[PDB]
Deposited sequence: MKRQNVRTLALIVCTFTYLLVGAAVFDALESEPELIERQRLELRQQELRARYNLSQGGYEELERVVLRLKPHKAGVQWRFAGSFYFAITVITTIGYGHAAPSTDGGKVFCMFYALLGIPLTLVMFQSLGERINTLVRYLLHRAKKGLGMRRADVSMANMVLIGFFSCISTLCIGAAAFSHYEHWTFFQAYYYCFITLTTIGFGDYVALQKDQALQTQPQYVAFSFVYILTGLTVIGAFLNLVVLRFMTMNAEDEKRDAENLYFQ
């Protein structure tokens, strides 16, 4: 069997077994607490329904209003700052879902915007990320000869890995201060943001109408998300990206 076919089949087996391992671990850690939380909340639902004399339909009518008011609770999500924050989540593939296009036309433009945007943003982060790696490579080379010279891959992975933790820590310290979260909650938010997972369980600028009332903090969160993705993007360009073109290189080697 060809090297390309062995590498591909191994990766498929690895990904599927990694999914089976993950599903097994996430079951052990989250199955029992979810069952505990459901029964606890159902007891709280029955207690408050009895306290405020509510029927099955009576609770359900109030249930729909509370759920539909959730994106409005954070404030105006669609003005210039609201739409700029949303535009980021689309092209950077974060997509928290805190604000989503409610209109048919908005949904269409969002698709066309993503089609051209996502590749443009991806190429931008890999290009700027490479310039940072080249600057780091030059600065380290100049520092090596300065003290009394060759920059290795291992030195680049070390600086790269530390730069990623530093970006998560600088962020965590700031988001725990402004969004009033714990350092761990803010660290978890920064991880999920910069890895483009963006669950939406933690979203910045969604407290005390920050998008319209706090421009200085909005300016920082836009700068942090963009600079942070460049730091992670630089590490991907250095370590991850080289394994994606691997199949094309072996196909060229075969010819």
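Stretches of the deposited sequence absent from the structure, as judged by C-alpha coordinates, are 149-151, 259-264.
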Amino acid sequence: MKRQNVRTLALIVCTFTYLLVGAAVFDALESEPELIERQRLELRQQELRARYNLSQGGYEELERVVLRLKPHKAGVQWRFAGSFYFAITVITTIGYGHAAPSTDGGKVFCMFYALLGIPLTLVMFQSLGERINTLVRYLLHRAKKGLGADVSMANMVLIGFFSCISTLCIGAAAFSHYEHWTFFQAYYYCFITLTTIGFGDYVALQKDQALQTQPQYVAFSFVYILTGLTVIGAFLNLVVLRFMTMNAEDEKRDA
From here on, numbers count along this sequence of modelled residues.
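Set 18-26 against 236-244 and average the Cα temperature factors; 236-244 ends up higher. Between 197-205 and 49-57, the higher mean Cα B-factor belongs to 49-57. Out of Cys190, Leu41, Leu35, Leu226, the entry records its largest CA B-factor for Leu41. The entry lists C-alpha B-factors for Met111, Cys169, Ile91, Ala149, and the highest of these is at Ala149. In this PDB entry, the Cα temperature factor of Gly117 sits in the bottom third of its chain's modelled residues, the lowest group.
The PDB entry assigns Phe183 a C-alpha temperature factor belonging to the lowest third of its chain's modelled residues.
Per the PDB record, residue ranking by Cα B-factor puts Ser221 in the lowest third of the chain. Annotation for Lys107: C-alpha temperature factor in the lowest third relative to the rest of the modelled chain, per the entry. Ranked by Cα temperature factor within the chain, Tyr138 sits in the highest third according to the deposited record.
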